[PDB]
2 protein chains.
Amino acid sequence: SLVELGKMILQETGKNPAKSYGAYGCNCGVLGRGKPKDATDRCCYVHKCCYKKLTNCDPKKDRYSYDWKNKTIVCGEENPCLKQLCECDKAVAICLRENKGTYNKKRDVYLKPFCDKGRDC
Amino acid sequence: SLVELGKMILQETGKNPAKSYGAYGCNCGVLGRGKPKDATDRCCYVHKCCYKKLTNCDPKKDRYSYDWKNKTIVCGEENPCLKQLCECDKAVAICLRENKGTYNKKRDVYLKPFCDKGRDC
């Protein structure tokens with residue numbers, strides 16, 4: 001779920017997930033996909049595509065286990081759905097931390113953001 | 001101050017520092033150094049010994065800034081006692097996380113772990 005997602009993004013970025021990513025760009029926090037506004041947005045685009053792949057489990061509602069180990073997000077190994085769901089969330093939070101370089105809060109979402117159609121996953 | 005220490009320890013071990021380290025061994029979260037029981041205890045031994053040097057500043061009470069960049073505690077610069085403090089705290093957080101493989105609940109301080117006198121720092 002977004003309990004582990006939220007925790008991982010904090011774990012990786014140090015930034016609160018809801019406050020920095022709740023409505024960021026076209027993809028972070030908000031529903032659905034848009035064309036990324038920026039690399040951070042892009043991470044979430046990559047994340048929602050990654051969740052799209054996931055059909056036998058509930059990406060947003062299903063909980064899984066991960067460890068904080070060696071300051072690394074290690075997915076609890078398990079269901080191909082959960083494992084890969086965790087992996088999708090591990091990936092997003094890494095990516096998000098990898099792109100704090102260019103986090104522009106100007107992309108936080110005051111209502112509509114003007115997003116273009118997501119290109120195909 | 002321990003507020004920072006606690007957060008660092010938490011961000012390093014992702015383990016609650018009061019619950020996990022609050023009374024652990026001869027050196028963690030208790031007053032005084034003792035012969036280190038195990039590695040965690042030894043971390044806190046070396047933590048205390050690192051503090052012993054910081055006499056220009058108050059290790060338990062004095063606030064310093066640090067950042068979590070690239071999943072790394074970065075001491076910010078402040079003073080030399082405070083940067084050193086922050087490094088001591090960060091050292092302990094990291095040692096703590098590097099040794100939780102050998103954490104033992106037996107050093108609860110239900111035991112009050114049979115503490116010998118610590119060799120000099």
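All residue numbers here begin at 1 and follow the chain in the order shown.
Determined by X-ray crystallography, 2.5 Å, according to the entry header.
A Cβ is built for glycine as well, from the same backbone N, Cα and C atoms used for every other residue.
As annotated by Swiss-Prot, varespladib binding site applies to A:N27, A:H47, A:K48, with the evidence given as experimental evidence. The disulfide bond annotation in Swiss-Prot covers A:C28-A:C44, A:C43-A:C95, A:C50-A:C88, A:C57-A:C81, A:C75-A:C86 and rests on experimental evidence. The site 'Membrane-docking site (MDoS)' annotation in Swiss-Prot covers A:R33, A:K48, A:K52, A:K60, A:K61, A:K112. The site 'Membrane-disrupting site (MDiS)' annotation in Swiss-Prot covers A:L111, A:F114 and rests on a curator's inference.
Those same-chain residues not listed among A:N27, A:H47, A:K48 yet with C-beta within 8 angstroms of the centroid of the varespladib site C-beta atoms are A:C28, A:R33, A:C43, A:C44, A:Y45, A:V46, A:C49, A:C50, A:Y51, A:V92. Of the listed disulfide-bonded residues, namely A:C43, A:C57, the sparsest CB environment within 10 A is found at A:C57. Between the C-alpha atoms of A:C95 (disulfide bond) and A:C28 (disulfide bond), the distance comes to 12 Å. Among the recorded positions A:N27, A:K52, A:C57, A:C81, A:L111, the ones whose Cα sits within 10 Å of the Cα of A:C43 (disulfide bond) are A:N27. Around the Cβ of A:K48 (varespladib binding site), the same chain contributes A:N27, A:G32, A:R33, A:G118, each under 8 angstroms and 6 or more positions distant in sequence. Summary: among the recorded sites (A:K52, A:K112), the fewest other C-beta atoms within 10 A of the C-beta are counted at A:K112. Here the Cβ of A:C88 (disulfide bond) has 22 other Cβ atoms within 10 Å, regardless of which shown protein chain they belong to. Of all the recorded positions given, namely A:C28, A:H47, A:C57, A:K60, A:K61, A:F114, those whose Cα is no farther than the 10 Å limit from the Cα of A:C88 (disulfide bond) are A:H47. It is 11 Å from the Cα atom of A:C81 (disulfide bond) to that of A:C50 (disulfide bond). A:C81 (disulfide bond) falls within a helix when secondary structure is assigned with DSSP. If you measure from the Cα atom of A:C57 (disulfide bond) to that of A:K112 (site 'Membrane-docking site (MDoS)'), you get 30 Å. Taking the C-alpha positions, the distance from A:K112 (site 'Membrane-docking site (MDoS)') to A:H47 (varespladib binding site) comes to 21 Å.
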